[PDB]
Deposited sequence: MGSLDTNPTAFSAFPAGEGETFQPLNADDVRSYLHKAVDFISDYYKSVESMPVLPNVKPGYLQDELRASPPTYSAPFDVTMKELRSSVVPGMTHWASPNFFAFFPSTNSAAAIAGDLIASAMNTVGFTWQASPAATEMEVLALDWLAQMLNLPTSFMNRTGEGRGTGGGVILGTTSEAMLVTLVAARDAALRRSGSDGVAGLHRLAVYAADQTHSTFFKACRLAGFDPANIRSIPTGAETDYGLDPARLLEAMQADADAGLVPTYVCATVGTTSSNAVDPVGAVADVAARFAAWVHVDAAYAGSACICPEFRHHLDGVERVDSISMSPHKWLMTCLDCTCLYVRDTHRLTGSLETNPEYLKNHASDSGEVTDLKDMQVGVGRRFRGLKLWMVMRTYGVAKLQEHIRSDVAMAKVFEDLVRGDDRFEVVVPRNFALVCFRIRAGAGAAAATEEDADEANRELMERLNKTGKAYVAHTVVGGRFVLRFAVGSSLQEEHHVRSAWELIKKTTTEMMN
């Protein structure tokens, strides 16, 4: 007699969830962004064992309010300035709600034709927004493309599955008996490429000795030097190793550096190496013509990924992987085999709803207005001699720091490192900001990632006032 999807519970539980969400967005700014809890706090609030009997959903919701919410970091806060914002939208939430309720598993087209076709559709649509070549598209206006896509959970998963494909292709090219020649394969990326990529390399079975982190410096604004790449790949080829894969990043995590995609593709072409472009964050901006040059040369690379669940208003998970000329690996299917596990939820519905409800023009103005707020902040930092913008701002992330010589409490560059750490910690104690750091050229640097979905320009200006106020109180 127990019906977990009975009509009354479904409507009343979801209505209570929706009420919570409405209130949460209306009040999240009034909360401290970073919570004031210590590890282990939750087990001192909630019972240690699952309850034997059922409770009213109201009891569950009040434990969510009393014990969960106060322990969260509010990514949705307009004063969240860390990492990259997980931008979101009413359409994306509604689409994921509907996918959760239908709860289909699309491991084949037959297991749900609409789910597979919508994932292909959403991928082909976004490929058009990015102005990708037809070689990355499944369906075309009248016919078929020569490429394909799949909606994965993470950029790391995108890296792994393209690493595996490149691995097996190089093993065949080099006459390996199975994996016996795996120790001859080498892989390459700039040292600013995310550390999860080198981890993916190790997961795929590449030898630690042949995984190359190419040093970058400020003379290229920490983008990969194609000459240093060629030098490293040639030396490996000369020594009997097989250059197998290069990851180029458009918009690195630490400082939003940009690797030159076309130059990297040409250098890798000397060795028939696979080239993957990681544009997890900044890829979203490339739907705008004034950012699309960052992907020039993508037509010569083998794969590209970007994550709408960062900067395209689509809640997690949504990472889009595109692969060129898929025939080296009618029926309308995504590349379900370039996926850690086939057998996961209908991720495509929310991405389609985002594009269909808002349209390309609003998606582009969402990018442009975030960039404009980032420029407002960058220009405020540049107007205060106590600070410096440590690298050029390419998108909506600004890297800045208190200079050495700003005050007597920042006399040496070691002093400045400590002052910037103290500033970041003071900002986070106010509850009116969440700032985290990185290291650029040996220096402790504050990141300022503009774009939390609820955040408006006055929030950024107010954050800057707070940075000025806090610095001033520190320096005397």
(request) Just jot down which stretches of the deposited chain sequence have no CA coordinates, in the order they come. (result) 1-20, 350-367
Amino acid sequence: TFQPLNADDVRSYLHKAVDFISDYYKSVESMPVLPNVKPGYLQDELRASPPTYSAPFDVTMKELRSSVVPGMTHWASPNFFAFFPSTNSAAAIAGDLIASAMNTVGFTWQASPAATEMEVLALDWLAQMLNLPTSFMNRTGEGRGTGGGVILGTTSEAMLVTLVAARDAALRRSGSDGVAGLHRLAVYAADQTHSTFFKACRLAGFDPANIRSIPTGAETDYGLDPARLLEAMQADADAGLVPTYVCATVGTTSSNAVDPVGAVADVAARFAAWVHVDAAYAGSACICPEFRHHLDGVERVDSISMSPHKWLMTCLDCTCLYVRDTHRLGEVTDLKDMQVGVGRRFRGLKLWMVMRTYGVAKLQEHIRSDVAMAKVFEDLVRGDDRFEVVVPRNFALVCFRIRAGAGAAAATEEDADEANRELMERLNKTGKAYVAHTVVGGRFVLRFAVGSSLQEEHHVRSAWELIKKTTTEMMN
From here on, numbers count along this sequence of modelled residues.
(request) Look up the CA B-factors in the entry and say which stretch, 140-148 or 71-79, has the higher mean. (result) 140-148
(request) Could you settle it for me: does 404-412 or 53-61 have the higher average Cα B factor in the PDB entry? (result) 404-412
(message) Between 385, 278, 157, 207, which one tops the list for Cα B-factor in this entry?
(response) 385
(request) Choose from 357, 89, 134, 255 the residue with the greatest Cα B-factor as stated in the PDB record. (result) 134
(request) Sort the modelled residues of this chain by their C-alpha B factor and say whether residue 418 lands in the lowest, middle or highest third. (result) middle
(request) Quick one: classify residue 44 as lowest, middle or highest third of the chain based on its Cα B-factor. (result) highest
(request) Please rank the C-alpha B-factors of the chain's modelled residues and tell me whether residue 294 sits in the lowest, middle or highest third. (result) highest
(message) Splitting the chain's C-alpha B-factors into thirds, which one does residue 109 fall into?
(response) highest
(message) Looking at the temperature factor on the CA atom of residue 443, which third of the chain's modelled residues does it land in?
(response) highest
